[PDB]
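The chain below stands alone and is given as structure tokens, in the form deposited in one PDB entry.
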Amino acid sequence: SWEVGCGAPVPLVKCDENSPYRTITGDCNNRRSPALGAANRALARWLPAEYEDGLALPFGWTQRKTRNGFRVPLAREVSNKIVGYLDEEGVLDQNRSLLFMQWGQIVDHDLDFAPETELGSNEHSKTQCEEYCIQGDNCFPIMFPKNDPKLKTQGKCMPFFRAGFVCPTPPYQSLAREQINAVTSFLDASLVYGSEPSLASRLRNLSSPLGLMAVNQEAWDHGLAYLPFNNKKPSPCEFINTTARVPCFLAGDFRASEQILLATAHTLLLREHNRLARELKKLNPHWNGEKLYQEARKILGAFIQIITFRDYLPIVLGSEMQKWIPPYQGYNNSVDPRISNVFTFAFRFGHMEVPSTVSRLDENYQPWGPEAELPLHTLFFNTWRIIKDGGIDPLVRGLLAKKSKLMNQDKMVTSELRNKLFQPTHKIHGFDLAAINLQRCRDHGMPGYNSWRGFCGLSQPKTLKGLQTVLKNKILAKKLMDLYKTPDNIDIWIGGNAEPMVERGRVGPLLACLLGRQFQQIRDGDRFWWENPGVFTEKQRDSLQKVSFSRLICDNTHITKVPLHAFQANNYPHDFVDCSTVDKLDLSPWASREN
């Protein structure tokens, strides 16, 4: 009767109990229960799934079954009516740089990924779905409402395919449907080294015995490396400028080339790794290839954990930081380290921090060349603007000296994402990130807004004026009640995101609780956390406290002037300093060709 049985298609590897390095897939982190946290298992559930048929079909599937007696509004309709806006004057964040958002997306892609389903195989309805807008098995199209502009221009729907789910992957019931997390739940740089060993091998240079990651052999960036090319065909990156025909970048994470600043950051992280490998061959000429790669991999992971928890989270969570992430007390093999399903929608608050333009800047942080400012929608899956427009220096400069978009109850998500998103399988710049996220909620069986308030110890509004008081916004609350009829039906994504931000934070109270818990459970339940005594010698810890994003940029670009607190809003040159001023990671405590 115990529900610890299901889970057929997945590896089952046995563990090295006293190995000092993480696995690639994440097995063997926990000893009593070793699959906890590993790639390619079911996402954790903090509250049971909720489906139209209690089983797998999403709310809004059958054009009749209500939800608690009310119909659910169209997802694109919720986008048009609440999420969009036209004017981009005055939307930026006066205290968060563009780096603030980009680190959010990079940490997201370390923690979770729920990919659409391989099925749609060598067949003929991955297109008829796209071509006739007919819901079918795993094709769940997003229908345009009346008067929606896209009707005059994109037919009747946007494509949408549901996310993959455990045990038999195309079957007959399976308790409630549960979606797969295809990466590791530990904050462990899976996005650099991969979460599957076929991929992790292919991403390394194993021809030499130096512990490096493979690098491209077609282009260079003033002698600094680029990611290798993912040569599989067809390429969404080649598709958007078939003249240039530059492929997408191959990295530890499937999403690396989705937008050019994300691809920019994947480069920094990979350059850093190789930088450690040849420094450690210097200090330790006797170390082999395996030793070098494993030991560099462990430093970049701590590097990522420290920046996340000391520089990023405090300015996300604000007044809720120490109430969810109190001081580390040591590893606790009872804590669940799995990412929750609901976490993979709470973290999509960043979609409202994405601004509508992206800049390249020159040595003095002035516009670089004639077209320094490009619209974001022309940079989805755009690699040729890296290779054939100056490499990554002008973009990293934009990350430091420009700004994130600010959350705003009357200007939620930029149209560059709300109408002009590009999706790699399809061909047009016509999609709606906002509608996707709302359709993904229901697909994942998310419980309503008020189930998660209750879950977070929060007041559960029932009326207009209750909602008006929670949202501190009477107009907005009126629109949502028109659309959903009861706060019990508000999809968690727009729900969590509609709440004003806590003090010195960048989310509201509901979302602060959700993310706060999850980051709690992923520090405390990881056997390889960096503070965990025994992972790193106490001398190594005191070197890793000096890490900075600023120093990361120094060591792996040709940028000589950077700020000291890269996450805040910094202007040139007042808040900029020289790159020998900043502090280095001192490798000497890693010298171990011991007697």
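We call the rigid core whatever largest set of C-alpha positions still superposes within 1.5 Å between the two forms. Residue indices: 1-based, along the sequence shown.
FYI, the form deposited in another entry isn't displayed, but the following is about it.
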item	value
Core-superposed comparison between the shown form and the other one - Cα displaced by 2 angstroms or more, from 285, 171, 326, 367	171
Cα displacement of residue 123 between the shown form and the other one reaching 2 Å, rigid core superposed	yes
C-alpha of residue 12 off by 2 Å or more between the shown form and the other one on rigid core	yes
Cα-Cα shift for residue 25 and residue 174, closer or farther in the other form, minimum 3 Å	farther
Closer or farther: C-alpha pair residue 174/residue 443 in the other form, relative to this form, given a change of 3 Å or more	farther
